[PDB]
Structure formats: structure tokens, C-alpha cells
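Undergrad: For reference, the structure I am asking about is given below.
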Amino acid sequence: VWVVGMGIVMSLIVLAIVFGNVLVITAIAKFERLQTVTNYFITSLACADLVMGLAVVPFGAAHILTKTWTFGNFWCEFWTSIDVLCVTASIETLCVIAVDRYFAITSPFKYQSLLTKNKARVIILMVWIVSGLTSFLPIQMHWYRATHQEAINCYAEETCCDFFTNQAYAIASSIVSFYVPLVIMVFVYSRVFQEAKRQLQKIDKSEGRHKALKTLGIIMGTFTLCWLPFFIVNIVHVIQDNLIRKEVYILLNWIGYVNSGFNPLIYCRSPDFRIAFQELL
Ligand SMILES: CN[C@@H]1CCc2c(ccc(O)c2O)[C@H]1O
């Protein structure tokens, strides 16, 4: 009686993610006003979100819904690698877009000359290359396989597909994909908040007769709530077996996917973007 209940939600979230990515991608392309030296990272993030929503969400949702991986063996590793690459690229591009704002605010008078059109493409290409180096190479090549006899049949059986990894690969991927960008964001935004508070205090002392706090807290809360628990349990389950169950793991993995559907709605509020959106409707 509840088989179609999850399908409606999955279809709605897939359509929302697809529309949110496509609208931003076309809005950046059509109008020259929004084209700047900092919107390229937003374009890459939107493209990655669109690819993830188009390639990972439907196949995965079908996998849980029918409870059978009726597709072939070769497609399973390809799907897993696509998901890993998309997640890593999104995290890395978020870190880059935060570092860019840190450079913009913390040290002015050289940001205009330091950054240019050529540097942004090199940076994003290096980011995607680093993401791919840990995405296709360890997956397509038969590594990371579990030595314990369980799931060896799943590897052999074409019908059954499931995620089983070694401890070393899991911990290395978690470290190289999650924690370093989080620390970078924490330090960057602490410095930015300190600078903003200093400026506000200077203005208040100068002219006698928090928006920044809110706009930072919303982003930090969204990112932490969306992505923190998944890696928190990913680091621990491999370390000690039988600590967690599979249902909680897959539920956290799925709730981790909702973040991609929020980025267009939370990284676009400038009046130029509003005018561009109004120019379509
Ligand atoms: C099946 N979904 C996977 C599971 C584990 C994992 C993901 C993404 C990046 C990683 O570094 C991971 O270890 C997820 O996309």
C-alpha cells in the first residue's frame, strides 16, 4: 500500500533538482550581465548537480523500489563511480567558492589583478581532475574489495548489487573528500565574520545617531545538517562491524542527496539573478 508513496516523493525531488539546475544553467548562459569571473564556479556546481540528479537519483530510486538490481554487472560500478565523483566535485567546488570569497573580502586591493578568467578555468579543471582521480581509478579497477567472505557472492551474482568497501579506501576517501573542506570553510568564515564584526564596530563608533550572522549561519547549518552524519557513520562502520544497520545507512545516504537540490535556491539572491529569472516567466 506504500509502494507508490516513496515513488511520488522521489519523482518530485528529481524534478525539483533537474529544474533548479537547468534554470540556473540557462540563466547564466542567455544573459551576459550575470557572466563574471566568479560565476564560473556556480556554473560548474550547477552542472555537477544536474549530472548527479540525471544519472544517480532515478537508477538508485528504482533499485530500492523494485528491490532488485535487474541491470547488468558493468553498470553498477559505473553508477557508483558517478555518484562518488559528483559528491566529491560538489564538495570541492563549494570549498573553492568559499576560498574565493575569503580572498575577495580579507585582502582587497589585489583581488582584481590576482584573479582572472584564465585562472578560474585552470582551478576548476584541477578540482575536477583531483575529484576524478579518486572516483574512476579505484572503482573501475578492481580494488577496495572486501576480503571477508560475505558479499563475495554479491560481487559474483549479477542480480545482487550492494556497497561493500575496505577500511583503508573508505577512510581515505572520507578524509580526502569531507573533512579538509569543512576545516577550510570553518577557518575562512571565522575570519570573514571577524572582519565583518570589526567593520560594523568601526561604523557604529564613527556614526552615533545580524544580517551577516544569519547569512553565514544558514549556509553553515544547511551544509552541516545535509552532509555531516553520512561521513560520521561512514568512518565508524568499517572500523568496527555490526555497529550499524543497512537501513539507517541507506537513509542517511539518501538524505545526503537532498543538498544538491538546495544549492541553486541558496546561492542565488542578487537582483540581477532575480531580473534574469523574471525575464523568463
Ligand atoms: C553509494 N553512495 C556512496 C557511498 C560512499 C561515498 C559516497 C561519496 C563519496 C565518498 O567518498 C564515499 O565514500 C556516496 O556517494
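Chain labels A, B, ... are given in the sequence in which chains occur in the C-alpha cells; within each chain residues are numbered consecutively from 1, and ligands are likewise numbered from 1 in the order shown.
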Residue 67 in chain A: which residues within 12 Å, counting only C-alpha atoms, same-chain residues fewer than 4 positions away excluded, as a ChimeraX atom specification?

TA: /A:3,59-63,71,159-162

Undergrad: Given only C-alpha atoms and all ligand atoms, how would the per-residue table for chain A near ligand 1 read, listing every residue at most 7 Å away with its closest atom pair and distance in Å to one decimal, sorted by chain and number, as a Markdown table?

TA:
```
| residue | atom | partner | partner_atom_place_in_ligand_line | distance |
| --- | --- | --- | --- | --- |
| A:80 | CA | ligand 1 | 1 (C) | 5.9 |
| A:83 | CA | ligand 1 | 15 (O) | 4.5 |
| A:84 | CA | ligand 1 | 8 (C) | 3.9 |
| A:87 | CA | ligand 1 | 8 (C) | 5.3 |
| A:88 | CA | ligand 1 | 9 (C) | 6.0 |
| A:163 | CA | ligand 1 | 1 (C) | 6.3 |
| A:170 | CA | ligand 1 | 13 (O) | 5.5 |
| A:173 | CA | ligand 1 | 11 (O) | 4.3 |
| A:174 | CA | ligand 1 | 11 (O) | 4.9 |
| A:177 | CA | ligand 1 | 11 (O) | 5.8 |
| A:253 | CA | ligand 1 | 2 (N) | 6.4 |
```

Undergrad: Just to be explicit: take each residue in the selection above, keep C-alpha atoms, and write the result as a PDB file, in the first residue's frame.

TA:
```
ATOM      1  CA  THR A  80      28.814   4.081  -8.008  1.00  0.00           C
ATOM      2  CA  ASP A  83      27.848   9.153  -7.505  1.00  0.00           C
ATOM      3  CA  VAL A  84      31.258   9.394  -5.814  1.00  0.00           C
ATOM      4  CA  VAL A  87      29.705  14.226  -4.434  1.00  0.00           C
ATOM      5  CA  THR A  88      33.447  14.934  -4.412  1.00  0.00           C
ATOM      6  CA  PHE A 163      28.146  -1.386  -1.469  1.00  0.00           C
ATOM      7  CA  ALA A 170      36.712   4.214   2.946  1.00  0.00           C
ATOM      8  CA  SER A 173      38.025   8.766   0.652  1.00  0.00           C
ATOM      9  CA  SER A 174      36.209  10.284   3.636  1.00  0.00           C
ATOM     10  CA  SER A 177      36.514  14.366   0.383  1.00  0.00           C
ATOM     11  CA  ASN A 253      22.899   8.364   2.153  1.00  0.00           C
TER      12      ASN A 253
END
```

Undergrad: Could you make a table, as a tab-separated table, of the residues of range 162-209 of chain A that have an atom within 12 Å of an atom of range 215-236 of chain A, each with its nearest atom pair and distance in Å to one decimal, counting only C-alpha atoms, in chain and number order?

TA:
```
residue	atom	partner	partner_atom	distance
A:163	CA	A:234	CA	11.7
A:164	CA	A:234	CA	11.4
A:165	CA	A:234	CA	10.4
A:166	CA	A:235	CA	11.3
A:167	CA	A:235	CA	8.5
A:168	CA	A:235	CA	10.1
A:169	CA	A:235	CA	10.6
A:170	CA	A:235	CA	7.2
A:171	CA	A:235	CA	5.9
A:172	CA	A:235	CA	9.5
A:173	CA	A:235	CA	9.7
A:174	CA	A:231	CA	6.5
A:175	CA	A:235	CA	9.0
A:176	CA	A:231	CA	11.5
A:177	CA	A:231	CA	9.6
A:178	CA	A:231	CA	7.5
A:179	CA	A:231	CA	9.0
A:181	CA	A:223	CA	11.3
A:182	CA	A:224	CA	8.8
A:183	CA	A:224	CA	11.8
A:185	CA	A:220	CA	8.8
A:186	CA	A:220	CA	8.8
A:188	CA	A:216	CA	11.3
A:189	CA	A:216	CA	7.7
A:190	CA	A:216	CA	9.8
A:191	CA	A:216	CA	11.9
A:192	CA	A:216	CA	9.6
A:193	CA	A:216	CA	8.3
A:196	CA	A:216	CA	11.3
```

Undergrad: Fewer than 3 positions away in the same chain doesn't count, so skip those; otherwise give me all residues within 6 Å of range 10-17 of chain A, counting only C-alpha atoms, as a VMD selection string.

TA: chain A and resid 7 20 261

Undergrad: Between CA of residue 51 in chain A and CA of residue 24 in chain A, what is the distance, to one decimal in Å?

TA: 13.7 Å

Undergrad: Can you pull out every residue from range 9-53 of chain A that DSSP, working from the backbone, puts in alpha helix (DSSP H), and format the result as a PDB file with C-alpha atoms, in the first residue's frame?

TA:
```pdb
ATOM      1  CA  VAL A   9       8.496  11.801  -3.385  1.00  0.00           C
ATOM      2  CA  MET A  10      11.411  10.507  -5.465  1.00  0.00           C
ATOM      3  CA  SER A  11       9.880  11.838  -8.689  1.00  0.00           C
ATOM      4  CA  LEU A  12       9.140  15.204  -7.069  1.00  0.00           C
ATOM      5  CA  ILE A  13      12.678  15.605  -5.720  1.00  0.00           C
ATOM      6  CA  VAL A  14      14.207  14.530  -9.046  1.00  0.00           C
ATOM      7  CA  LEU A  15      12.068  17.019 -10.979  1.00  0.00           C
ATOM      8  CA  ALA A  16      12.860  19.791  -8.491  1.00  0.00           C
ATOM      9  CA  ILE A  17      16.614  19.151  -8.701  1.00  0.00           C
ATOM     10  CA  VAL A  18      16.542  18.980 -12.506  1.00  0.00           C
ATOM     11  CA  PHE A  19      14.544  22.208 -12.819  1.00  0.00           C
ATOM     12  CA  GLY A  20      16.688  24.045 -10.276  1.00  0.00           C
ATOM     13  CA  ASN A  21      19.913  23.093 -12.028  1.00  0.00           C
ATOM     14  CA  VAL A  22      18.641  23.725 -15.567  1.00  0.00           C
ATOM     15  CA  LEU A  23      17.160  27.139 -14.771  1.00  0.00           C
ATOM     16  CA  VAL A  24      20.421  28.454 -13.299  1.00  0.00           C
ATOM     17  CA  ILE A  25      22.488  26.939 -16.120  1.00  0.00           C
ATOM     18  CA  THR A  26      20.360  28.568 -18.822  1.00  0.00           C
ATOM     19  CA  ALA A  27      20.067  31.865 -16.924  1.00  0.00           C
ATOM     20  CA  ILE A  28      23.856  32.167 -16.778  1.00  0.00           C
ATOM     21  CA  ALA A  29      24.134  31.381 -20.494  1.00  0.00           C
ATOM     22  CA  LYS A  30      21.409  33.571 -22.002  1.00  0.00           C
ATOM     23  CA  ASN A  39      30.029  32.749 -11.631  1.00  0.00           C
ATOM     24  CA  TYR A  40      32.025  30.004 -13.385  1.00  0.00           C
ATOM     25  CA  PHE A  41      32.223  28.044 -10.127  1.00  0.00           C
ATOM     26  CA  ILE A  42      28.442  28.352  -9.786  1.00  0.00           C
ATOM     27  CA  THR A  43      28.102  27.053 -13.351  1.00  0.00           C
ATOM     28  CA  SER A  44      30.296  24.042 -12.557  1.00  0.00           C
ATOM     29  CA  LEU A  45      28.355  23.324  -9.359  1.00  0.00           C
ATOM     30  CA  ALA A  46      25.026  23.526 -11.199  1.00  0.00           C
ATOM     31  CA  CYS A  47      26.303  21.249 -13.974  1.00  0.00           C
ATOM     32  CA  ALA A  48      27.533  18.701 -11.424  1.00  0.00           C
ATOM     33  CA  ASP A  49      24.191  18.814  -9.599  1.00  0.00           C
ATOM     34  CA  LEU A  50      22.305  18.329 -12.875  1.00  0.00           C
ATOM     35  CA  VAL A  51      24.502  15.370 -13.851  1.00  0.00           C
ATOM     36  CA  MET A  52      24.068  13.778 -10.421  1.00  0.00           C
ATOM     37  CA  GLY A  53      20.295  14.230 -10.483  1.00  0.00           C
TER      38      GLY A  53
END
```

Undergrad: Find the spatial neighbours of residue 142 in chain A, counting only C-alpha atoms, within a cut-off of 12 Å - ignore same-chain residues fewer than 5 positions away - and output them as number ranges by chain.

TA: A: 74, 77, 136-137, 155, 165
